[PDB]
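Trainee: Return a 3D structure for these sequence lines:
(chains A and B, ligands or ions: 4)
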Amino acid sequence: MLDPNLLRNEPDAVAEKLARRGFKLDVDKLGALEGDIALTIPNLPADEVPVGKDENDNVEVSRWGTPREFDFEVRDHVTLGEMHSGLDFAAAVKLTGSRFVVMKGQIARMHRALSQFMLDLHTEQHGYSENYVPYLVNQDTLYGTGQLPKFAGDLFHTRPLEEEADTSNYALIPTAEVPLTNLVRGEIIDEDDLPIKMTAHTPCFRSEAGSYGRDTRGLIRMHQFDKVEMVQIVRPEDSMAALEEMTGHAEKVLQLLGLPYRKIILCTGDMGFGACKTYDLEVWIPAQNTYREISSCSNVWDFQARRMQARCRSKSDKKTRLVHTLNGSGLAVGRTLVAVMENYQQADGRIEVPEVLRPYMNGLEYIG
Amino acid sequence: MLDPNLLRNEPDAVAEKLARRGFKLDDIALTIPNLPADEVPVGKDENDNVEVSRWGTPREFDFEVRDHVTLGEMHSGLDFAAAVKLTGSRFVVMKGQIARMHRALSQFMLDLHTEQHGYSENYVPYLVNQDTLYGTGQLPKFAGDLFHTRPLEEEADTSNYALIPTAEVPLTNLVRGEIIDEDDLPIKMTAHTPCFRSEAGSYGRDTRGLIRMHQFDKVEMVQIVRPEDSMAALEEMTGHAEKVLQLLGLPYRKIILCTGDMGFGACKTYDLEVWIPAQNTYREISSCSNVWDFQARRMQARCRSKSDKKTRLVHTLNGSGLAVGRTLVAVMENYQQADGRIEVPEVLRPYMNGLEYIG
Ligand SMILES: Nc1ncnc2c1ncn2[C@@H]1O[C@H](COS(=O)(=O)NC(=O)[C@@H](N)CO)[C@@H](O)[C@H]1O
Ligand SMILES: Nc1ncnc2c1ncn2[C@@H]1O[C@H](COS(=O)(=O)NC(=O)[C@@H](N)CO)[C@@H](O)[C@H]1O
Ligand SMILES: [Mg+2]
Ligand SMILES: [Mg+2]
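Mentor: Numbering: from 1, shown residues only, chains lettered A, B, ... in the order given. Ligands and ions are numbered 1, 2, ... in the order given. The relevant structure is shown in the block below.
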């Protein structure tokens, strides 16, 4: 949520910034500001974020690598996965329903190897601490990171357990951002212990409400996908620099795997609810002849910290202030598997195993 | 479910075998447990289970033994209070080197079963539909043991899902409705998944630590085999789970469960129990079961001889190799040192970047 003092003493400045991201603040209602409307207001954009309406106004910052030229017919990841009996979408319908998958054999092992390579890289070289977290969370946690009240329909919710004294309303996590960031809920942190850098590998569950029609086949858009998440808790004055550092950590994954990509900064109209600034990384997908989002890295400013009342304290004076939080994908594992399968395919239908993954796959050089 | 021909032609024989496991046989067919195998000892509860063998000797300590919760807290590696804040009781947050050892355990097990024991690795959904739960027997009788999700408003009729209590459920259902060539058997599958259990009627049982949780990781083994091979396959599969404990240098004992302590769907179960120093006893770390044709009948999973065209029901088997949270308990307590550090078992060091000690 936003600083209530800014809504008091500068309703004009605030309503204008929010207008740049397409949100009209009822000034009349703004004075009143009752109920939970304060919890439905998105974060203020940083000054340097380009103004725009939708994704067509996003701005490319840089890119790395050149898409490979194919002298044979380019096959998509579903065709490749099914001809090696490694992806089975029909079995997933039988077990559960649509937008789930079963992976088998060498392709399942490559999916596992990707998550292990990412986790090792961030913990051994980038200074992140590894965490194993619950995949179910409670209402206070979802309010803390902003998923509630506005995005309840994006989540899977559990029913109450048939028991005496059980009244648990849990939701499945849509991203490890939720549990990791809430680890500092209600804490007051010594400024000398900052930054806190955490990573986790979790499944992620999303209803994908109102996304039907788009990406109907394949691994791009699923109800369940694996993701290695990075989160940082930092001093307010360090957060813009930490965003550059964290985005670089995600780029390093793509570079070591040899995947061409581009980095874009989102405009005001395309940013997510809680971010004040976001870089997306988009990886080359040969069969779609374009770049597709593979990571989103955001500075959240003090927006989550205020809901969570997570504060830091200086060593000189005992005064406290809100920390800043950041999160970013490093990376979404399912979409990385898509990019590896299509970019490393060979003319005979085999898939070359990227060099850095071979130690995680018992030396295997080719799939198939 | 049981063979309906058998209930017709031999109600006496059937009602007697079911009596052994404490079930009085007067959609209702789906509430009847499996028939115990002849070699299973008759008994009422876990006091009548029978020890079969042991391997290794518990280590003798010349200092006071610390439990895994104390050890987890001194290394800032297990944090139960943070889990209550995020979610509720019976959850845990693991951090740092303890989290990495938990991950390394699952990778070592998966690599062993796929590289040496001939199992095929699978990534599966952690939500399943009701037909799948009926197939492996969790429905209709054990709905209360599960977390259920509310239907998605845009898939309102087809999204009554539940979180899996074990990868047995999705893996075994991969052959639902199939006819398999006998030459393609046995089918050997493994998976590493989280497991979710309501733990109803268990308030008080192991209230401290990692032994009993709402969420835990497990590496599961499943086999689909010809009906005449299933008792041999149980011995093979139980030995796959034993090899994990042996390579980790963990003392254990193997018991066979009596009729009265067996699970709903098993006809024969070996449990493996691992030595837990701070409890001065063995605790269950794996359960390996022959399920006979009980699940195959609900699923109509069949096999065909190449000679003729007749089909018959396959047999199915499942076993833990292993439950990862409880293995972490065993490794932490059996390898602790006097200063509180924890020796990393030799076989895990390649999965922990060469680390020799925690702490
Ligand atoms: N339904 C989905 N199926 C597969 N992958 C997805 C799905 N939704 C998102 N992703 C992947 O996960 C990444 C992170 O998702 S995000 O919502 O944009 N951002 C977050 O969740 C933040 N916590 C940063 O990780 C996306 O960039 C995309 O690569
Ligand atoms: N609530 C729990 N918390 C932690 N570990 C558990 C819990 N319940 C069971 N386990 C572990 O998981 C193992 C397998 O559980 S089981 O119900 O007995 N059997 C199965 O699920 C079969 N699919 C074989 O794996 C147990 O032997 C025990 O080691
Ligand atoms: Mg995004
Ligand atoms: Mg049991």
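Trainee: Quick check: closest non-adjacent residue to residue A:173.
Mentor: Excluding the flanking residues, the one nearest residue A:173 by Cβ to Cβ, 6 or more residues apart in numbering or on different chains is residue A:135, at 5.4 Å. Where C-beta positions appear, they are placed from N, C-alpha and C, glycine not excepted.
Trainee: Contacts only, for the one you found.
Mentor: A:172-173, A:202-203, A:205, B:194, B:215 (Cβ atoms under 8 Å, 6 or more residues apart in numbering or on different chains).
Trainee: For chain A, what lies in contact range of ligand 1?
Mentor: Chain A has residues A:175, A:177, A:206, A:208, A:221-222, A:225, A:227, A:229, A:293-296, A:327-329, A:332, A:334-335 near ligand 1, with proximity defined as Cβ under 6 Å from any ligand atom.
Trainee: Just to check, residue A:364 is in contact with residue A:107?
Mentor: No - the pair residue A:364 / residue A:107 is not scored as a contact, 11.5 Å apart, by Cβ atoms under 8 Å.
Trainee: between those two, who's got more neighbours?
Mentor: Between residue A:364 and residue A:107, counting by other Cβ atoms under 10 Å in any protein chain shown, residue A:107 is the more crowded of the two (25 against 14).
Trainee: who are the neighbours in contact with the closest residue in space to the more buried one that isn't next to it in sequence?
Mentor: Distances taken as Cβ to Cβ, 6+ apart place residue A:86 nearest to residue A:107, at 2.8 Å, with adjacent residues excluded. Neighbouring residues of residue A:86 by Cβ under 8 Å, 6+ apart: A:103-108, A:367.
Trainee: For residue A:86, give me the backbone phi and psi.
Mentor: phi -110, psi -20 (degrees, to the nearest 10).
Trainee: Where does the most centrally placed residue in chain A fall, secondary structure wise?
Mentor: Centroid-nearest residue in chain A, with Cα atoms, centre = their mean: residue A:329, separated by 4.5 Å. Secondary structure from DSSP states H and E places residue A:329 in strand A:324-332.
Trainee: partners of that strand, with directions?
Mentor: strand A:224-234 (antiparallel), strand A:290-299 (antiparallel) (DSSP bridges).
Trainee: can you redo these as JSON lines with mean neighbour count?
Mentor: Formatted as JSON lines, the strands paired with strand A:324-332 follow (neighbours: other Cβ atoms under 10 Å in any protein chain shown):
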{"stretch": "strand A:224-234", "mean neighbour count": "25"}
{"stretch": "strand A:290-299", "mean neighbour count": "21"}
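Trainee: Export those strands to TSV and append columns for distance to ligand 2.
Mentor: As requested, the strands paired with strand A:324-332 are exported to TSV (distance: least, Cβ to the nearest ligand atom, whole Å):
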stretch	distance to ligand 2
strand A:224-234	20
strand A:290-299	33
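Trainee: So is stretch A:128-144 next to ligand 2?
Mentor: No - applying Cβ under 6 Å from any ligand atom, one finds stretch A:128-144 separated from ligand 2 by no less than 13.3 Å.
Trainee: Quick check: buried residues in that stretch?
Mentor: Buried residues in stretch A:128-144, counted by 16 or more other Cβ atoms under 10 Å in any protein chain shown: A:128-138, A:140-144.
Trainee: Now residue A:296. Nearest residue, chain neighbours left out?
Mentor: Residue A:296 sits nearest to residue A:280 (Cβ to Cβ, 6+ apart), 5.3 Å away.
Trainee: Tell me what angle whichever helix or strand that neighbour is part of forms with strand A:324-332.
Mentor: Per DSSP H and E, residue A:280 falls inside strand A:277-285. If you take axes from the mean of the first three to the mean of the last three Cα atoms, to 10 degrees, strand A:277-285 sits at 0 degrees to strand A:324-332.
Trainee: May I have the strands that pair with strand A:277-285, each with its orientation?
Mentor: According to DSSP bridges, strand A:277-285 forms sheet pairs with strand A:261-265 (antiparallel), strand A:290-299 (antiparallel).
Trainee: just the CA coordinates of stretch A:23-30, formatted as PDB?
Mentor: Provided in PDB are the C-alpha atoms of stretch A:23-30 (Å, rounded to 0.1, in the frame of the first residue of the first chain):
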ATOM      1  CA  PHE A  23      -5.600   4.100 -12.800                       C
ATOM      2  CA  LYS A  24      -8.000   6.800 -11.800                       C
ATOM      3  CA  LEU A  25      -8.000   7.800  -8.100                       C
ATOM      4  CA  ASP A  26     -11.400   9.100  -7.100                       C
ATOM      5  CA  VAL A  27     -10.200  12.200  -5.300                       C
ATOM      6  CA  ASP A  28     -13.700  12.600  -3.700                       C
ATOM      7  CA  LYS A  29     -13.400   9.000  -2.400                       C
ATOM      8  CA  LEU A  30      -9.700   9.700  -1.800                       C
END
